[PDB]
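2 protein chains.
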Amino acid sequence: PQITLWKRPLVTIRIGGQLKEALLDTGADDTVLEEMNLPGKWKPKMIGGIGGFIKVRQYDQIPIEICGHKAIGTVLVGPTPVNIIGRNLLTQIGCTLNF
Amino acid sequence: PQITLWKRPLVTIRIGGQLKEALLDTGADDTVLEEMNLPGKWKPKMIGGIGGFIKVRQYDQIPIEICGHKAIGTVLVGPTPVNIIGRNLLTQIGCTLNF
Ligand SMILES: CCC(CC)CN(C[C@@H](O)[C@H](Cc1ccccc1)NC(=O)O[C@H]1CO[C@H]2OCC[C@H]21)S(=O)(=O)c1ccc2ncsc2c1
Numbered sequence: 001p002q003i004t005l006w007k008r009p010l011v012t013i014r015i016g017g018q019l020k021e022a023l024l025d026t027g028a029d030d031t032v033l034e035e036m037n038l039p040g041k042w043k044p045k046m047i048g049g050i051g052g053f054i055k056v057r058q059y060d061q062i063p064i065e066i067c068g069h070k071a072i073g074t075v076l077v078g079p080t081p082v083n084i085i086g087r088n089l090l091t092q093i094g095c096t097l098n099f
Numbered sequence: 001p002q003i004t005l006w007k008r009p010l011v012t013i014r015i016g017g018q019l020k021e022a023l024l025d026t027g028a029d030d031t032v033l034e035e036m037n038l039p040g041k042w043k044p045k046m047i048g049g050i051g052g053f054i055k056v057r058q059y060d061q062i063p064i065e066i067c068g069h070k071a072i073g074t075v076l077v078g079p080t081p082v083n084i085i086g087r088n089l090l091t092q093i094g095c096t097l098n099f
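Each protein sequence line maps, in turn, to chains A and B.
Each step along the first sequence adds one to the number in the authors' numbering, with nothing skipped, and position 10 is 10.
Each step along the second sequence adds one to the number in the authors' numbering, with nothing skipped, and position 56 is 56.
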């Protein structure tokens, strides 16, 4: 689809078998989801945002279906203000900015 | 133009007579610029992201050129690590997400 920006670009995603709402975030390098359980091994990591650094759990090679499009990649889980889809997965679904 | 998301979508902007690099950021409601001593009235604001909140100064009706496209609106100035063009200006320059 083409998505305009007068509203937040929120979309439904499917991950670990569950549906969630997430924000398409071109300013995020990484995909970061609010606290949730995911299967398999994870690694402790830290990432920084506008307000400082947080601790996250890094899960690699995780399938997510974003607005009907498949991605498989790194998902960070931790105290983000909102679920965000970052560039690591936006690239997989062929997302570009256009003006 | 079309901007892919393999790298950060940094573009050149001009504001208050300075040229800067800034993110075209669909995850940002508002535009947030690195500390700069702009003239005019402002209002204090707090904005939240990963890590917590920062304190910013809200300036209204500031002209800003983004990749050659003129815009005018609210800009928040404070200790962000990156200049961020948010949806309030992205809409003015006709920017969409496409996949
Ligand atoms: C609430 C939704 C997100 C935070 C999740 C909002 N951010 C915009 C992001 O695009 C931000 C923009 C950003 C970019 C770089 C540094 C700081 C902020 N990116 C960001 O936090 O990305 C993190 C995940 O991937 C990593 O790559 C970049 C930082 C990490 S923000 O910068 O905090 C932000 C910007 C404008 C704004 N207007 C009103 S509240 C508000 C908050």
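Here a beta-carbon is modelled for each residue, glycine too, at the ideal position from N, C-alpha and C.
Cβ of residue i within 9 Å of any chain B Cβ
{"i": "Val32(A)", "result": "yes"}
{"i": "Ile15(A)", "result": "no"}
{"i": "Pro39(A)", "result": "no"}
Partner residues on chain A for residue i, Cβ-Cβ distance less than 9 Å
{"i": "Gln2(B)", "result": "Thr96, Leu97, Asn98, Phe99"}
{"i": "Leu10(B)", "result": "By Cβ distance, chain A contributes nothing, its closest Cβ being about 10 Å from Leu10(B), past 9 Å."}
{"i": "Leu23(B)", "result": "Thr26, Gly27"}
Contact belief for residue i with residue j at Cβ below 8 Å, rounded distance in angstroms
{"i": "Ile54(A)", "j": "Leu89(A)", "result": "That pair is no contact at about 19 Å."}
{"i": "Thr80(B)", "j": "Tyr59(B)", "result": "Not confirmed; about 14 Å, so no contact."}
{"i": "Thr31(A)", "j": "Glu21(A)", "result": "So it is not a contact: roughly 14 Å between Cβ atoms."}
Proximal residues of chain A, C-beta to C-beta of residue i below 7 Å
{"i": "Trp6(B)", "result": "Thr91"}
{"i": "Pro63(B)", "result": "Ordered by position in chain A, no residue passes the 7 Å Cβ test against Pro63(B), which lies about 18 Å from the chain."}
Interface flag, residue i vs chain A, CB-CB below 9 Å
{"i": "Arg57(B)", "result": "no"}
{"i": "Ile72(B)", "result": "no"}
Alpha carbon of residue i to alpha carbon of residue j, nearest angstrom
{"i": "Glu34(B)", "j": "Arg57(B)", "result": "11 Å"}
{"i": "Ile85(A)", "j": "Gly40(B)", "result": "36 Å"}
{"i": "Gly52(A)", "j": "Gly48(B)", "result": "10 Å"}
{"i": "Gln61(A)", "j": "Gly16(B)", "result": "44 Å"}
{"i": "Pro9(A)", "j": "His69(A)", "result": "15 Å"}
Contact set between residue i and chain B, taken where Cβ atoms lie within less than 7 Å
{"i": "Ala28(A)", "result": "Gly27"}
Residue from the options with nearest C-alpha to residue i
{"i": "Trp6(B)", "options": "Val77(A), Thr91(A), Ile62(A)", "result": "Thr91(A)"}
{"i": "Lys45(B)", "options": "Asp25(B), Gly78(B), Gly94(B)", "result": "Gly78(B)"}
{"i": "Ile50(B)", "options": "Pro1(A), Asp29(A), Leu19(A)", "result": "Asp29(A)"}
{"i": "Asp25(A)", "options": "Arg14(A), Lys43(A), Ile3(A)", "result": "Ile3(A)"}
{"i": "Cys95(A)", "options": "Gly94(B), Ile93(B), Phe99(B), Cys95(B)", "result": "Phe99(B)"}
{"i": "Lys43(B)", "options": "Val82(B), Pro1(B), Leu76(B)", "result": "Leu76(B)"}
Contact set between residue i and chain B, taken where Cβ atoms lie within less than 8 Å
{"i": "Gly48(A)", "result": "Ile50, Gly51, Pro81"}
{"i": "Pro44(A)", "result": "The contacting residues do not exist; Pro44(A) stays about 16 Å from chain B at best."}
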